[PDB]
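Visitor: The structure under discussion is supplied below as structure tokens; questions concerning it will follow.
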Protein chains: 2
Amino acid sequence: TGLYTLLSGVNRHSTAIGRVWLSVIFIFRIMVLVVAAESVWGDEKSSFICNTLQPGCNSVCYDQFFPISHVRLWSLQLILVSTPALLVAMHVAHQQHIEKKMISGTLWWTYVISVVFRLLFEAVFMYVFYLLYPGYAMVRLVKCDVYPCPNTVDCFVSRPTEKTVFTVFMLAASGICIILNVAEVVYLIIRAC
Amino acid sequence: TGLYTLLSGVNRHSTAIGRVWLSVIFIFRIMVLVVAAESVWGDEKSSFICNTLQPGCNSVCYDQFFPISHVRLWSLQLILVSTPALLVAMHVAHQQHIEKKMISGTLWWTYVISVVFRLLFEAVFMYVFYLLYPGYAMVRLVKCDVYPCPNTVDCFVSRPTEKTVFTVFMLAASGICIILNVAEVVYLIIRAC
């Protein structure tokens, strides 16, 4: 859990919000993703079937309707969100090593910049998820007309309801994280002056 | 061949047109139908296939696109066209038997009425063929959306080109028969006065 709190962005300049609340939500998202990765999204493509005899229609329809899986999007989002925290940690380690082998304002500015970057990454991933999948709910039946499928074919999705439930959980957690990051930057600015 | 000439409508009041030309066309139609009945229309339904996994779609699509086979239509047309000729023949046999056990105008009127009825039957069968199958040509691929087929499916017809050739032959023969019957009634009316 210590590695998770390090990846959250806990810093000596962090207030209570960033130290005790943001890290817990980060760990919660990690745990939910670990639970839901291969249990419910494991057979997304192998169980995807269409009512046709045309060879190759299943694969092209699956690629058309799922350009990138939800789990992979959430994994990329978590990696990119955790990157600035470990960047700051490595910078702190470098500064301490330089001190050992031989100011606070630089640390403060680095912390606020990293928080802003985390907010930006969360916002852009929310926007791209909205672009790819406008509705939070997943449907049982889809209509596919991509070549080589003739006319329009019916295709069926695996576990729509469970995927909808986990999507709701993940989106709520991401929204809470965005709100907490905005509160963090506002609180730091207020404390500055 | 004598039975065929009897079924054509050969009568003692018949002129050359009805005695030597109409009967030959009748026999020609019979022979072409016998050749084409089971050779080319035999596998019309068993070889009819559609690109789908839906059970029962082949049968409903075949029934939708072929309400009655061409061969059965031609068989019914031949039977109904040959009916008045044998009706007249049985009436003549009855008259001769009555004469044996004990006028010409009755025979003349019966002959002209039978020719008119043959013309009407040929015309109505031509019209119903035009209603069911507007084009003389048969296509390779058809689009079917009848329940329970989902959306629209592609279905493939057996031997479209050979069926088109035989359809052209049969339609030309029927048209020639219609023209000859009209000429027969006109010639009989002219000879009457």
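Please note that chains go A, B, ... in the order of the structure tokens, that every chain numbers its residues from 1, and that ligands are numbered from 1 in the order shown.
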Based on DSSP run over this structure's backbone, return all residues of stretch 15-191 of chain A in strand (DSSP E), as a list in words.

Guide: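 Checking each residue of stretch 15-191 of chain A, the strand (DSSP E) ones are residues 49, 50, 141, 142, 143, 144, 153, 154, 155 and 156 of chain A.
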
Visitor: Using only C-alpha atoms, find each residue of chain A with at least one atom at most 8 Å away from an atom of chain B; report its shortest atom-to-atom pair and that distance in Å (one decimal), sort the rows by chain and rising residue number, and return the result as a tab-separated table.

Guide:
```
residue	atom	partner	partner_atom	distance
A:51	CA	B:53	CA	5.6
A:52	CA	B:52	CA	4.5
A:53	CA	B:52	CA	5.3
A:54	CA	B:51	CA	7.1
A:150	CA	B:154	CA	7.5
A:151	CA	B:152	CA	6.3
A:152	CA	B:151	CA	6.3
A:153	CA	B:151	CA	6.9
A:154	CA	B:150	CA	7.4
```

Visitor: Just list as a PyMOL selection string whatever in chain B DSSP marks as helix (DSSP H, G or I).

Guide: chain B and resi 2-8+16-40+57-65+70-101+104-132+160-192

Visitor: Please, what distance in Å, to one decimal, runs between atom CA of residue B:26 and atom CA of residue B:8?

Guide: 6.3 Å

Visitor: Name all residues at most 10 Å from stretch 125-127 of chain B (count only C-alpha atoms; drop same-chain ones fewer than 6 positions away) and give them as a ChimeraX atom specification.

Guide: /B:73-74,76-78,80-81,133-134,171,174-175,178

Visitor: Grab the residues selected above and save them as a compact mmCIF listing (two decimals), in the first residue's frame with C-alpha atoms.

Guide:
```txt
# COMPACT_ATOMS: atom_id res chain seq x y z
CA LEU B 73 -48.06 -22.75 -63.60
CA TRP B 74 -47.31 -24.12 -67.07
CA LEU B 76 -52.00 -25.93 -64.92
CA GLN B 77 -52.17 -23.77 -68.04
CA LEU B 78 -51.81 -26.81 -70.30
CA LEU B 80 -56.98 -25.93 -68.45
CA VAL B 81 -56.29 -25.21 -72.13
CA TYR B 133 -42.97 -12.44 -62.26
CA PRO B 134 -42.86 -9.08 -64.07
CA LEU B 171 -43.69 -17.41 -73.31
CA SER B 174 -47.90 -19.15 -75.57
CA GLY B 175 -47.95 -15.89 -77.52
CA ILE B 178 -52.83 -16.76 -78.63
```

Visitor: Between B:69, B:181, B:158, B:110, which residue has the minimum interatomic distance to residue B:84, considering only C-alpha atoms?

Guide: B:110

Visitor: Considering only C-alpha atoms, state which residue in the set B:88, B:170, B:60, B:190 is at the smallest distance from residue B:129.

Guide: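 Among the listed residues, B:170 lies closest to residue B:129.
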
Visitor: Provide the atom CA of residue B:96 to atom CA of residue B:3 distance in Å, to one decimal place.

Guide: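 Separation between atom CA of residue B:96 and atom CA of residue B:3: 19.5 Å.
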
Visitor: Applying 12 Å and only C-alpha atoms, which residues near residue A:165 remain after dropping the ones on its own chain fewer than 6 positions away? List them as a list in words.

Guide: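 Skipping anything fewer than 6 positions along the chain leaves residues 32, 36, 40, 136, 137, 138, 159, 171 and 172 of chain A.
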
Visitor: Could you please determine the separation between atom CA of residue A:98 and atom CA of residue A:11 in Å, to one decimal place?

Guide: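 Spanning atom CA of residue A:98 to atom CA of residue A:11 is a straight-line distance of 19.2 Å.
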
Visitor: May I have the residues within 12 Å of residue B:182 as a list in words, using only C-alpha atoms and disregarding those fewer than 2 positions away in the same chain?

Guide: residues 17, 18, 22, 112, 115, 116, 117, 118, 119, 120, 122, 123, 175, 176, 177, 178, 179, 180, 184, 185, 186, 187, 188 and 189 of chain B

Visitor: Limited to C-alpha atoms, could you put the picked residues into a file as a short mmCIF file (atom, residue, chain, number, x, y, z; two decimals), in the first residue's frame?

Guide:
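Dumped to again-v4.cif:
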```cif
data_model
loop_
_atom_site.label_atom_id
_atom_site.label_comp_id
_atom_site.auth_asym_id
_atom_site.auth_seq_id
_atom_site.Cartn_x
_atom_site.Cartn_y
_atom_site.Cartn_z
CA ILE B 17 -54.62 -23.22 -88.80
CA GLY B 18 -56.34 -25.16 -86.02
CA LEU B 22 -52.01 -25.16 -83.25
CA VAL B 112 -66.29 -21.60 -81.73
CA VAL B 115 -61.85 -21.83 -79.18
CA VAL B 116 -62.94 -18.67 -77.36
CA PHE B 117 -62.51 -20.41 -74.00
CA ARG B 118 -59.02 -21.60 -74.95
CA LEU B 119 -58.11 -18.03 -75.88
CA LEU B 120 -59.43 -16.75 -72.55
CA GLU B 122 -54.23 -18.56 -72.36
CA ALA B 123 -54.74 -14.81 -71.86
CA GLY B 175 -47.95 -15.89 -77.52
CA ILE B 176 -47.94 -17.77 -80.82
CA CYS B 177 -50.85 -19.88 -79.57
CA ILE B 178 -52.83 -16.76 -78.63
CA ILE B 179 -52.26 -15.23 -82.07
CA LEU B 180 -53.29 -18.47 -83.79
CA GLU B 184 -58.92 -19.06 -85.98
CA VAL B 185 -61.97 -17.28 -84.57
CA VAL B 186 -61.65 -14.46 -87.12
CA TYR B 187 -61.35 -16.93 -90.00
CA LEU B 188 -64.36 -18.94 -88.81
CA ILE B 189 -66.47 -15.78 -88.47
#
```

Visitor: Restricting the calculation to only C-alpha atoms: of A:39, A:58, A:47, A:14, which residue gets closest to residue A:71?

Guide: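 Among A:39, A:58, A:47, A:14, it is A:39 that comes nearest to residue A:71.
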